[PDB]
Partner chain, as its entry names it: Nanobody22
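Given next, in structure tokens, is a single chain: the form deposited without its partner chain.
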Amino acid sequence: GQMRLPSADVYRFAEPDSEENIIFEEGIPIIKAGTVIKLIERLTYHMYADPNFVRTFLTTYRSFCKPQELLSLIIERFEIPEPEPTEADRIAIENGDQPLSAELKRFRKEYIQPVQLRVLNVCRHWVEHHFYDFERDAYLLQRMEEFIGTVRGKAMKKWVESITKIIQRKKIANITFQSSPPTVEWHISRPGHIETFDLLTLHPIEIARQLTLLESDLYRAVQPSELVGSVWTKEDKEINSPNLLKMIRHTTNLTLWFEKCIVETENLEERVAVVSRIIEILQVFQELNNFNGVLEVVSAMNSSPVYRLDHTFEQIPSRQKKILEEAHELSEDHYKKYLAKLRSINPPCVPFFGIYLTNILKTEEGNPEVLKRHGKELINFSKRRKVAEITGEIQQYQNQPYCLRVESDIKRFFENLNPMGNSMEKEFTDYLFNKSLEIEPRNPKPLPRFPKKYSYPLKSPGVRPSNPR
């Protein structure tokens, strides 16, 4: 038969399941809704482990339970009473013999030890992957250190001592590859001559590589704490979502830099060379699975100042028109082809983050925090699972590093890129549109001629890599 449980009067996590405290979705069960007590019971369940559930819960719980209260509840979960001796044990003891304690030994082995180990696994994941709770609340950290540091008994000892060390390491806080990265490529600008770096003087391959390393690092830095609760849209977004906002602002700056390079090149032949170079960079972005980069270029070519430059468009080679069109097709029909391509490539890649942001925001706005059932309010856990499915997808693409060598000067050049200068956004984008009207006036105004501005060769070195010995 099943093990007997402590009385629900002395141990709250032994209440029977009912529709008044837990609801399952229609081979472990999937929870639709429940009280916080039932969620914590199933988080640390004696019959099975649920590592996905641990990640989902620790990612999303702050929408329904404060960190201090979660710690109190899992300490309560940990402190399981042992059963009293049975009748057979009593009779043995009355005869001066040692009891078999069969039921006690089974309860320890099959209930207490798995539940306690799974509580410690929650603590371990909490400290390792969600340490911001402790960075932001020093008293919470003290309570965790004390709880872990006072767990007695040899069955848990290996993990107690390990978790103690992990906490101490996190308080004061190397890649290997299957092969060597390719050689850094140089064009007109030579190594160390940062004053000459520009769109046409750096090698287009190396522009794409260094932007991909930069954009990959920015993508990999975004933590779920910047996303849950839609905090990047709220008044404290600069405090709560700084890595996400740095990532987005980089993307915006690169798009505006591409537009600025195009419309400030007033000579038509030179502007064709600029656009052609940008589409070559896009080609290398595609080869590298840098989808953020792809969309940075697409957004620039579809912007109002660039889109209307029909005389420039007319001179772009047919093959490059096709590259740009196929890149734009990724975004059509609500990113249908992008989504399928992301799911088919071999990482590393740099996803476009915007889709994740919209899906997280709409999941949080479109589902209720609680479900009302039989007069009780149950936490709507399905909503949190959906958010954590998105954060889990993000994290999966954050694991794989690019096998490309950093060029510190090129990296600094793109880190410091500032196309808007001291101008505000509206003044700057008005400036770009007025430049567009200057260089290709609206019909029937005649097309003017403009002098060349570049003194160096405009011919691209191409985007196929070279390899000396």
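The term rigid core refers to the most C-alpha atoms you can superpose between the two forms while keeping them within 1.5 Å. Numbering follows the first chain given and starts at 1.
Beyond what is shown, the protein has a form solved in complex with its partner chain; the following relates to that form.
- Interface residue remark: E266 is counted as part of the site for its partner chain in the bound PDB entry, having a heavy atom within 4.5 Å.
- Proximity of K411 to its partner chain in the bound PDB entry: non-hydrogen atoms within 4.5 Å are absent; the residue sits far from the partner.
- Within 4.5 Å of any heavy atom of its partner chain in the bound PDB entry lies no heavy atom of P457.
- The shortest heavy atom separation between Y11 and its partner chain in the bound PDB entry exceeds 4.5 Å.
- For the marked spot (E427, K435 and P446), a heavy atom within 4.5 Å of its partner chain in the bound PDB entry is present in each of the three residues.
- When the two forms are overlaid on the rigid core, CA displacement between the shown form and the other one of 2 Å or more is confined, within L339, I394, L357, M156, to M156.
- Relative to the superposed core, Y45 undergoes a Cα shift of 2 Å or more between the shown form and the other one.
- Annotation for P242: C-alpha shift under 2 angstroms between the shown form and the other one, rigid core superposed.
- With the core held fixed between the shown form and the other one, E146 has its Cα displaced by at least 2 Å.
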